[PDB]
Each structure stands twice: as C-alpha cells, then as structure tokens.
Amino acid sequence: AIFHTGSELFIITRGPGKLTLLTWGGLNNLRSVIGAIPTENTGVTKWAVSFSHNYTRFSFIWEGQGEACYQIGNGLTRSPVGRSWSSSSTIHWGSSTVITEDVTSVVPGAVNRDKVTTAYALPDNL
C-alpha cells in the first residue's frame, strides 16, 4: 500500500512551479485541506509527499511548465503526475496504485494551507 514503509510517495519535477496536495475523505467530518507548495528551482526538484492520519483520500497535481513524475519507494518506474484537478493523481488509502481521478467537486470545500501541507521539496544539501 502506498505511504507504508517500502512504498513511500516521491515526486520529481523540472523547472519552477507548484505541487498542490488535496487531503480529503477525512473521518468524522474532518475539514478537507488544499495547499500549494512552490519550488523556484530551474532544474530537478525531488519531493516527499506524506498523508495525514485520519484521511482516506490524497490527490495532487503539478502546475509548472516542466515535467513531473511520481516514484513509489525505491521502484525504478517514474510516471507522469496529473496537471489539473479534473485529471489529478489520486491515492485511495490502502491502494498500491496512483490513479487518475477528477476531484473538482472536492476542491471548493477544502481549507487553504498554501506552504503548510504535507508535501516537501528536498534541499541541495541533504
């Protein structure tokens, strides 16, 4: 299952842009969250994307001009990230697969946590 030890969610992007994570399907009416994480790197950025406990849906898009791929764990495969909420990269909690899912209906209700959600660019010195 993605997010389990051994199946960690990583992203690789080129050029500047924002990776946005939508945290939703919260148990007992927990508020859904949307937050954009910017990079200004002109080259490659590597990222770790986390879940939040008590949520069952995680969707993300890349809005930069350059490529963006995900990798699961130490797997070799890198596959394109969604570029709009109508074709988001989405993970159902417990799933081993990233699917394409339209989550346009979820976004308007989410609270904004730009630069404070659970996706992180790795720096030059790690």
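Position 1 is the first residue in the sequence shown; the rest follow in order.
**Student:** Please work out which of 22 to 30 and 44 to 52 has the higher mean CA B-factor as recorded in the PDB entry.
**Tutor:** Averaging CA B-factors over each stretch, the winner is 22 to 30.
**Student:** Quick one: higher average CA temperature factor, 5 to 13 or 101 to 109?
**Tutor:** According to the PDB entry, the answer is 101 to 109.
**Student:** Relative to the other modelled residues of the same chain, rank the CA B-factor of residue 38 and answer lowest, middle or highest third.
**Tutor:** For residue 38, the deposited C-alpha B-factor lands in the lowest third.
**Student:** Can you tell me whether residue 57 has a C-alpha B-factor in the lowest, middle or highest third compared with the other modelled residues of the same chain?
**Tutor:** Bottom third by C-alpha B-factor.
**Student:** Tell me, lowest, middle or highest third: where does the Cα B factor of residue 94 rank within its chain?
**Tutor:** Ranked within chain, residue 94 CA B lands in the highest tercile.
**Student:** For residue 66, does the deposited CA B-factor place it in the lowest, middle or highest third of the chain?
**Tutor:** Residue 66: CA B-factor falls in the middle third of its chain.
**Student:** Within this chain, which third does the Cα B-factor at residue 73 fall in: lowest, middle or highest?
**Tutor:** According to the entry, residue 73 has a C-alpha B-factor in the chain's lowest third.
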